[PDB]
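*Asks:* fold the following, please.
(chains A and B)
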Amino acid sequence: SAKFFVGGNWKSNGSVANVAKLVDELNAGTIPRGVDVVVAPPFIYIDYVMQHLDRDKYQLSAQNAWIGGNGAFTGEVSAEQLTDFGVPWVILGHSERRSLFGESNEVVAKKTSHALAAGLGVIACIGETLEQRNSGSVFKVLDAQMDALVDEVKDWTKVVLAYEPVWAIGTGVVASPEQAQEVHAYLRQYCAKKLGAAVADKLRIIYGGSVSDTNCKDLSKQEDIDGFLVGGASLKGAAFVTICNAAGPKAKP
Amino acid sequence: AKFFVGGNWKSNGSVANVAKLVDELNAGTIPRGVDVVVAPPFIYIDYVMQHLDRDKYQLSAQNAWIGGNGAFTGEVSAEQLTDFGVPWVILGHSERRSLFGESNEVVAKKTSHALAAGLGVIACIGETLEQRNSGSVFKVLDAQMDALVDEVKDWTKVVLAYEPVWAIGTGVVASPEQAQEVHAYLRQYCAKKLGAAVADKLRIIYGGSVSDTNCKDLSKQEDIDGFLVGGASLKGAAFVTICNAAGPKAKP
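*Replies:* Numbers count the residues shown, from 1 in each chain, chains lettered A, B, ... in the order given. Structure as follows:
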């Protein structure tokens, strides 16, 4: 069992007209019954998307959350401020923060366990780069990114494990179905050792490559691909709704 | 001069408190002719803008991204703030510099980028306890203020906030004479490099452990044009008191 998870990370994008336009487009789309669909607008627009996105079809998310609680931390938004505000999800550990802000695995893991205890669900992101794929380090790279999460996370009920290959995040070369499946199969039978196949067969291992309307078809057929983390297509309305429909029989109604 | 009173709520807030603070801020009266600026965390900027008094307060962002839009998970751009209605943004806060590693040049780049995007910047500077105990104070500000003068090409919409790191949450307050000495250096160092035409008009506000108690004594000093308030900005009654510390430094 794994309700298909399509995550639409808008990333640092959007105007007043565009967010209201994308809300109208996402509201006009029809999502198949039994699919978790989560949009993640940048912090300032959450109050509006919370108030204007159709509550039955989508749930909200935040693109980041502070490692600690409240206090004197300028700029950061706490994981407690979010649950009280009404946001149910948060993306922690994107490759645009592991690299550009120096967020290590132990920080992202601690960032997730603090957000879990704050009452949130975490779309915990992992993945290697072009530097690591060629050197064959994908074996170690994910096992070190994952162990930190296992070292911290104590309840995977609300965790969604996104595999974003950085050599495929912003560059448009979507990892082929047989590539992004051989990695997802690892994470499944890897979470079976540390946790236990009962938890692993229930966990959602979505995919966070360069997903579009075209290529989600052949990815969603793969066994250990339980969903998508969509970035560029999530800014286009019907482009996101198409990918939210590629679930098929993996959608528990 | 237009006495500049900032209020940086920092990583604080709830649905009740943020709402409660706007009622407390809308309640008190602000002297006729004072620039007062509050900076809630990002998620509450919508509510405050639609509830805080237009005619008595202005909004501010606690941070902005060094670049424009694009694939940057989490961050908020300077363009995303001007179209939203925000007129101000605090950049280079001492908690940003130390915890997240905002380099001296990044903070300068963040200030000129946010200026060219239609915003105004409350530029932050200051030294640590490591930097006063070794006497590196005047060297640090010269380096932090130089990098700005490099990027910033119009100081019309820039408020320069001095923030002693040793005098933040510690509770220690840079005494009225300690914070007037520094505020006077920065002015003759802005006449240095931008001429006395820019320096006299520029707003240099003090950003230490300001409260309704010790705001009366710092507001009288010569080169102190206001305050960055962090902790006392969360009490609507105490913050409006500090906004009245202006007196003749504002007038209309």
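
*Asks:* got the contact list for stretch A:42-49?
*Replies:* With contacts defined as C-beta atoms under 8 Å, 6 or more residues apart in numbering or on different chains, stretch A:42-49 is touched by A:10-14, A:19-20, A:23, A:39, A:41, A:60, A:62-63, A:77, A:85, A:87, B:41-47, B:74-76, B:80-81, B:84. For every residue, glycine as well, the C-beta is placed using N, CA and C.

*Asks:* got the buried residues for that stretch?
*Replies:* By 16 or more other C-beta atoms under 10 Å in any protein chain shown, the buried positions in stretch A:42-49 come out as A:42-47, A:49.

*Asks:* could you list the residues of the stretch 1-150 of chain A in contact with chain B?
*Replies:* Within the stretch 1-150 of chain A, the positions near chain B by C-beta under 8 Å from any C-beta of the partner chain are A:9, A:11-16, A:42-44, A:46-48, A:62-64, A:66, A:70-78, A:81-82, A:84-85, A:91, A:94, A:96-97, A:100-102.

*Asks:* in strands, which of the residues you listed fall?
*Replies:* If you go by DSSP state E, these have A:9, A:62, A:91 in strands.

*Asks:* single out the residue in the stretch 151-253 of chain A that lies closest to chain B.
*Replies:* In the stretch 151-253 of chain A, the residue found nearest to chain B is residue A:170; the distance is 5.4 Å by C-beta to the nearest C-beta.

*Asks:* strands of the stretch 151-253 of chain A, start to end?
*Replies:* Secondary structure of the stretch 151-253 of chain A (DSSP state E, counting those that start in this stretch): strands at A:159-163, A:227-230.

*Asks:* deepest of the ones you listed, which one?
*Replies:* Highest mean neighbour count of the strands of the stretch 151-253 of chain A: strand A:227-230, a mean of 28 (counted as mean count of other C-beta atoms under 10 Å in any protein chain shown).

*Asks:* sorry, back to before: among the residues of the stretch 1-150 of chain A next to chain B, name the buried ones.
*Replies:* A:9, A:11-14, A:42-44, A:46-47, A:62-64, A:66, A:70, A:72-78, A:81-82, A:84-85, A:91, A:94, A:96-97.

*Asks:* residue A:29 against residue A:236, yeah?
*Replies:* No: the pair residue A:29 / residue A:236 is not scored as a contact, 10.8 Å apart, by C-beta atoms under 8 Å.

*Asks:* ranges for the helices of chain A?
*Replies:* Assigned helices in chain A, in chain order: A:16-28, A:46-52, A:79-85, A:95-98, A:105-117, A:130-134, A:138-152, A:177-191, A:197-200, A:216-220, A:237-245 (criterion: DSSP state H).

*Asks:* in the last one, what counts as buried?
*Replies:* Residues of helix A:237-245 classed as buried under the neighbour-count rule (16+ other C-beta under 10 Å) are A:237, A:239-245.

*Asks:* and that helix, what does it pack onto?
*Replies:* Here helix A:237-245 touches strand A:5-9, helix A:16-28, strand A:227-230, going by 3 or more C-beta pairs under 8 Å, 6 or more residues apart in numbering or on different chains; DSSP states H and E.

*Asks:* one more time with 10 Å, if that's ok
*Replies:* With contacts taken as 3 or more C-beta pairs under 10 Å, 6 or more residues apart in numbering or on different chains; DSSP states H and E, helix A:237-245 sits against strand A:5-9, helix A:16-28, strand A:36-40, helix A:216-220, strand A:227-230.

*Asks:* show me what contacts the residue nearest to residue A:7 when sequence neighbours are not counted?
*Replies:* In this structure, residue A:7 finds its nearest non-sequential neighbour in residue A:229, 4.6 Å apart by C-beta to C-beta, 6 or more residues apart in numbering or on different chains. By C-beta atoms under 10 Å, 6 or more residues apart in numbering or on different chains, residue A:229 lies in contact with A:5-9, A:38, A:40, A:91, A:94, A:123, A:125, A:160, A:162-164, A:169, A:206-209, A:211.

*Asks:* mind running it again at 8 Å?
*Replies:* By C-beta under 8 Å, 6+ apart, the neighbours of residue A:229 are A:7, A:9, A:91, A:123, A:125, A:162, A:164, A:206-208, A:211.

*Asks:* then residue A:133?
*Replies:* A:165, A:167.

*Asks:* gap between it and chain B?
*Replies:* Look at residue A:133 and chain B: by C-beta to the nearest C-beta, to the nearest Å, they are 20 Å apart.

*Asks:* got it, and residue A:38?
*Replies:* For residue A:38 relative to chain B (C-beta to the nearest C-beta), the value is 14 Å.

*Asks:* I'd assumed residue A:181 was in contact with residue A:222.
*Replies:* Yes: counting by C-beta under 8 Å, residue A:222 does reach residue A:181; the two are 4.0 Å apart.

*Asks:* overlap in contacts of those two?
*Replies:* Residues touching both residue A:222 and residue A:181 (C-beta under 8 Å, 6+ apart): there are none.

*Asks:* pretty sure residue A:187 is touching residue A:150, no?
*Replies:* No: the criterion here is C-beta under 8 Å, and residue A:187 misses it with residue A:150 at 11.5 Å.

*Asks:* so what's residue A:91 bridging to?
*Replies:* Counting by DSSP bridges, residue A:91 is bridged to residue A:123.

*Asks:* which residues of the stretch 151-253 of chain A lie near chain B?
*Replies:* So far as C-beta under 8 Å from any C-beta goes, the stretch 151-253 of chain A lies against chain B at A:169-170, A:231-232.

*Asks:* format the residues you listed as a markdown table; extra columns: neighbour count.
*Replies:* Formatted as a markdown table, those follow (neighbours: other C-beta atoms under 10 Å in any protein chain shown):
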| residue | neighbour count |
| --- | --- |
| A:169 | 26 |
| A:170 | 15 |
| A:231 | 25 |
| A:232 | 18 |
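
*Asks:* tell me the contacts of the residue lying farthest from the centre of chain A?
*Replies:* Within chain A, the residue lying farthest from the chain centre (C-alpha atoms, centre = their mean) is residue A:72, at 28.4 Å. By C-beta under 8 Å, 6+ apart, the contact set of residue A:72 is B:10-11, B:95, B:168-169, B:230-231.

*Asks:* which pair in these spans the largest distance?
*Replies:* Farthest apart among those by C-beta to C-beta are B:11 and B:168. That separation is 13.8 Å.

*Asks:* quick check: buried residues in stretch A:214-224?
*Replies:* A:215-216, A:218-220, A:222, A:224.

*Asks:* dump that stretch to PDB, restricted to CA.
*Replies:* Output of stretch A:214-224 as PDB, limited to C-alpha atoms (Å, rounded to 0.1, in the frame of the first residue of the first chain):
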ATOM      1  CA  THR A 214       5.700  13.100 -21.300                       C
ATOM      2  CA  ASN A 215       8.100  11.100 -19.300                       C
ATOM      3  CA  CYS A 216       6.000  10.500 -16.100                       C
ATOM      4  CA  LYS A 217       4.200   7.700 -18.100                       C
ATOM      5  CA  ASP A 218       7.100   5.400 -18.300                       C
ATOM      6  CA  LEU A 219       8.400   6.200 -14.800                       C
ATOM      7  CA  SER A 220       5.100   5.600 -13.000                       C
ATOM      8  CA  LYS A 221       5.000   2.000 -14.400                       C
ATOM      9  CA  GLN A 222       8.200   1.100 -12.600                       C
ATOM     10  CA  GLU A 223       7.700  -1.000  -9.400                       C
ATOM     11  CA  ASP A 224       9.500   1.000  -6.700                       C
END
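
*Asks:* from the chain's centre, how far out does it sit?
*Replies:* In terms of C-alpha atoms, centre = their mean, to the nearest Å, the gap separating the centre of stretch A:214-224 from the centre of its chain is 16 Å.

*Asks:* need the contact partners of that stretch.
*Replies:* Contacts with stretch A:214-224, where a contact means C-beta under 8 Å, 6+ apart, come from A:4, A:174, A:177-178, A:180-181, A:184-185, A:187-188, A:205, A:207, A:209, A:211, A:225, A:228, A:242-243, A:246-248, A:250.
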